[PDB]
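Quick note: numbers below take in every heavy atom, side chains included, and nothing from hydrogens, waters or symmetry partners. Protein chains get the first letters and strands the later ones, always in sequence-line order, with residue 1 at the start of each.
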4 protein chains.
Amino acid sequence: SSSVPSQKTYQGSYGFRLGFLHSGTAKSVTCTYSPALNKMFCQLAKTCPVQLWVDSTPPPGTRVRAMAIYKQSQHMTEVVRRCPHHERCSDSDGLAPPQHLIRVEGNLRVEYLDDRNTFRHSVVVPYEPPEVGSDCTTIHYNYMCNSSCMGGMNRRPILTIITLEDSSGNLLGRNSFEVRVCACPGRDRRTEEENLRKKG
Amino acid sequence: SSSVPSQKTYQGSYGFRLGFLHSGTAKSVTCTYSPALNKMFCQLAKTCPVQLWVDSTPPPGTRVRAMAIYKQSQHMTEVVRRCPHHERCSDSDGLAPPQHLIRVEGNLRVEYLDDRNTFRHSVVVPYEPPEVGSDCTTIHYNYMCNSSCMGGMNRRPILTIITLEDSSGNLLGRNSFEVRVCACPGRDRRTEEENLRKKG
Amino acid sequence: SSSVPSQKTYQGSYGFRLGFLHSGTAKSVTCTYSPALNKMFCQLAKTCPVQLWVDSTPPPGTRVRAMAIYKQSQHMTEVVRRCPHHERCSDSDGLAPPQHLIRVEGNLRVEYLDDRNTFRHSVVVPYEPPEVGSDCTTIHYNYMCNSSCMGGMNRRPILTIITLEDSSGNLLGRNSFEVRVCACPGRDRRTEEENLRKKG
Amino acid sequence: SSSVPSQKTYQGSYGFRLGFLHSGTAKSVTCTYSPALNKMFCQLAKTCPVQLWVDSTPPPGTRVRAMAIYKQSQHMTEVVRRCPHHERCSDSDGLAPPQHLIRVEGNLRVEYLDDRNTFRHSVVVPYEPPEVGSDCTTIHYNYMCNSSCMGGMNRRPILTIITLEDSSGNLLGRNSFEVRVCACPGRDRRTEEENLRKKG
DNA sequence: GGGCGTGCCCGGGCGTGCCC
DNA sequence: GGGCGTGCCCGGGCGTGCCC
Ligand SMILES: [Zn+2]
Ligand SMILES: [Zn+2]
Ligand SMILES: [Zn+2]
Ligand SMILES: [Zn+2]
């Protein structure tokens, strides 16, 4: 009955977890991940590689959904949307609706969804197993507004929720991470990690 | 025959109690809870998360009702309503009647009720059990006037009464807490707790 | 073309000016006037005597209009109205519309007007010459909200504009004074006069 | 043939100049004017009083037009518009089109225009002579975006151009001033004046 | 990569109807 | 008449995209 999707980690019976590349903290690196904060820092529209790791092979027809929600209780019930400026920037790839924050690049089977009851946006691709000898699959996500965008996220932190779902709709696994989209991911990761150590 | 709902705690056979988040006492925090006073301090229209804890699973069709009453004997028999200024502010979410003080956000099955005999307002949502691994459910309430509003609460303290009711109308459990809606919940919580220690 | 009436003093060819009684500055005096501030301090709904002085007798059919405007440039274009709480208090004398801030008591020929283009309220009585041996006429005004009323004046200072008008509509004279309606006119007059001396 | 209106001062045969109120430089004053910079600093949507001074009375039917242009050569040819976020904020007064940056408040004869060839916006009111004894007329303007608004002014300075025009369209006079719309006009005026003194 | 923006967060303290 | 309320004003200082 809640209109807020759950963020609770559920690694589930398939041993589902996420992985992130090691990029560093150079000032304006395009994408970097803080394990201490479970938080991805990235630039607007840049590639954000997310690895999907499983211990057991999901069944055929499994899907991978990504959605954003506001992290703070005060904002959770508000749908995460692109700001009006970027919604009109005509920067679509021909498939993503202009209002969707999260896109997937490099996938011929991407689907963009708007929930008819909650109005929330999500992007789905088929789950594909790793190639022989590889331990994970990688999806390239893109975030199409800065966290600071006026009339959109407006400086509020978001979580991305990644769910592994079978074709019937059963939740097989769920993981999430915080996101800041910003001009200087390396600067901002280092600032937030230092504030955690000094004041957290 | 009384037109005043009971505030008596009834944890009942399901072991029903409330829980509140730890927010601190920063001057203008949006919502904070004092265990010593059993009192929530929050800002107008801001999210107030309330956790529902049970020891035994309620039956299907159970409902959660919230209602406000004035705390002091002198004012108990007066219906708690929004003040005339805020009633006309056209700030409805499309479901809550403009006169109702307490709203629920983020729930697709909210129902707003006016008692035909007492004229008192209440807001009801279905009870949903916690997700596996979680110990409680959380409802987001909003209070749509300040305690100080002239022509409404007019500086008088209120209690929020939360009842767990089966579909037939049986009371399964009841809990309550005092509320102050104010501009500076952290200041005011600290003032009230200090006055309790010094003069209570 | 402006929707804001002029406040410019125009003593005019009849030598029109206002006079006020000497009341003192006892804490909760019902009405008191500060010449230094050209400001009347009064309590809600209490009698405020205003004297009309002329050097030459106005023609028959002359009228006396009172209107309120906000003093600050930022608020001048907003119509001064009673707040929603007091508008519903059913405290009318049978003639004053419930939304009008300024009333006249003790006059059998009072007229309450709403301007069809600016929506502003005014109250009008016939001008009557002083009795033989007297130098002025007195009108008893009442202000039906406090300056602090939420959803009304909301702590903003107002001016009352008194105009002497002939029956044809010509402006014969205009005077104005600031008003604060408050619980403690004597306290507040003394505070404002001291602030003028110390910080003005 | 140019699509950029001229900003050249033309006090003209009527001796047309502008005047501004003395407000000070308190940090968040709603509006303040720097003579040294010929620059108004104001908050979003707040009243900005502008005085019109003439030496000779303009003919009947004279109009007062206000328009914004970007100050820097690099941006002059771009039409000044509200940003997409504020354009959708449904904050219209019922007359101003939602895309127009400059509004006039308190005038029953305001007209909002879009030039059919340059697409530029302007707002026009009738010229009214000062009341007897007064030396100027005052118009209340409002600026409906911050200078910093993303997708609108985007941190770029603008000029407001005020023209006095006869009913036939002849330019009788022209004046202009720079504008910054910001959260803290007093801070920002002081910063800009200090930078002028130290680095200009 | 260093450092300036600039809307907004933050705690100190003044209001002002009402309690005493 | 003395003095406590309590929403809001106020200046200090942190953001964060962008200039350099
Ligand atoms: Zn954006
Ligand atoms: Zn209220
Ligand atoms: Zn009132
Ligand atoms: Zn804008």
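We find that CE of C:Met153 is positioned 12 Å from P of E:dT16, with the value rounded to whole Å. Taking atom CZ of residue D:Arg180 and atom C1' of nucleotide E:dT6, one finds them 7 Å apart after rounding to whole Å. One atom, CE of B:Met150, and another, P of E:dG17, lie 10 Å apart when rounded to the nearest Å. We find that CZ of C:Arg156 is positioned 17 Å from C1' of E:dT16, with the value rounded to whole Å. Distance, D:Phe41 CZ to E:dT6 P: 11 Å, rounded to whole Å. In this structure, C:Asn154 atom CG and F:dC8 atom P are separated by 7 Å, rounded to whole Å. Between the CD atom of C:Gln43 and the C1' atom of E:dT16 there is a distance of 13 Å, given to the nearest Å. We find that CD of C:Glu194 is positioned 17 Å from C1' of E:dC14, with the value rounded to whole Å.
With respect to A:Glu192, the salt bridge (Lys or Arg N to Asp or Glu O under 4.0 Å) criterion is satisfied by exactly one of A:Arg197, A:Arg187, A:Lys39: A:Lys39.
Listed for the C:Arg156 side chain is no donor-acceptor partner under 3.5 Å among the backbone atoms of C:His75. At least one donor-acceptor pair under 3.5 Å links the side chain of A:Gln43 to the backbone N or O of A:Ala183. Under the 3.5 Å distance criterion, the side-chain polar atoms of A:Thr32 are matched with a main-chain donor or acceptor of A:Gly24.
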All N/O contacts under 3.5 Å from nucleotides 9-13 of chain F to the protein, with atom names and distances to one decimal?
unit_1: F:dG11; atom_1: OP2; unit_2: D:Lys27; atom_2: N; d: 3.3
unit_1: F:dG12; atom_1: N7; unit_2: D:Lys27; atom_2: NZ; d: 2.7
unit_1: F:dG12; atom_1: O6; unit_2: D:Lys27; atom_2: NZ; d: 3.3
unit_1: F:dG13; atom_1: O6; unit_2: D:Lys27; atom_2: NZ; d: 2.8
unit_1: F:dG13; atom_1: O6; unit_2: D:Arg187; atom_2: NH1; d: 3.2

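In this structure C:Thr77 satisfies the side-chain contact (heavy atoms from CB on, under 4.5 Å) test together with C:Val4, D:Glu105, D:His140, sequence neighbours excluded. Not counting sequence neighbours, A:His85 has no partner by the ring-ring contact (aromatic ring centres under 6.0 Å, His included) test.
Pair check for F:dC20 finds E:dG1; Watson-Crick or G-U wobble, both atom distances under 3.5 Å.
Where B:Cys149 and A:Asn146 meet DNA chain F, the nucleotide closest to each residue was compared, and B:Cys149 sits on the side nearer the 5' end.
For F:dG7, the OP1/OP2 oxygens have a side-chain nitrogen or oxygen of B:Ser148 closer than 4.0 Å.
A salt bridge does not link A:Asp188 with A:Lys27: none of the charged nitrogens is closer than 4.0 Å to a carboxylate oxygen.
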